[PDB]
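The chain below stands alone, shown as structure tokens; this is the form deposited in one PDB entry.
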């Protein structure tokens, strides 16, 4: 289970439907993808050695995205999906592009990062809303079996991942835009000296700072929420979620900046 709150007992089972897929794709930082711009700094026409939380060059990813219909499995809320956060993660996220009429919509899995996932501890949540990325860090009363839904196509379950009837204490709450037409989003999430850091991009490029947050405590677990729809499967549209994740480590990178301040190259 994630949290401990009994939000539902509708259509829960114990079926071993899947395990996380391992990517054929591997981390290649030679053009800056898998690196980040350093905080609010601008570096112009230079190379720096910088020590930071980076993926290993040549590492695989685990796809932690889970697509449901009516049922959820209790085995989806355990190892290997419920994951130790350690130092942090780099993720590559497919923006799942859906059409209701001719109009386009963007869906992808929410990620939650936390420790015990109960309302005496802060949980960070990163969730898309069709071109808006909502991010929060709150004392959420997380469900036992949390999940999100398609807003675009229908869902035979309601959205249910926390049960707070009035808004919990939040250290952070902010929204960021992303290009709805992109094929991929990328994120870095890490912790250093009790401070959390987040970065994103909506292109094959170095990730840009979202926010940083002092927690004092260690985050210890992260989990990628199941998403339920009457869509996004082989018998209806052949479309899929993908939420690829690879671990970070304290690591030294060369970063090359051009005269505009764009990272053009990097080395592990």
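Numbering follows the first chain given and starts at 1. Rigid core (definition): largest C-alpha set, two forms, superposition within 1.5 Å.
Although not depicted, the form deposited in another entry is the subject of the following passage.
Which one moved? Candidates are 27, 227, 201, 219, criterion is a Cα shift of 2 Å or more between this form and the one not shown after superposing on the core.
Only 27 moves by 2 Å or more at its C-alpha.
Yes/no, residue 12 Cα shift of 2 Å or more between this form and the one not shown with rigid core fixed
For residue 12, whose C-alpha is compared between this form and the one not shown after core superposition, the shift is less than 2 Å.
Does residue 240 move appreciably between this form and the one not shown, meaning a CA displacement of 2 Å or more on the superposed rigid core?
Moves: no, less than 2 Å.
Please say whether, between this form and the one not shown, the C-alpha of residue 69 moves by 2 Å or more once the core is aligned.
Shift at residue 69: below 2 Å after core fit.
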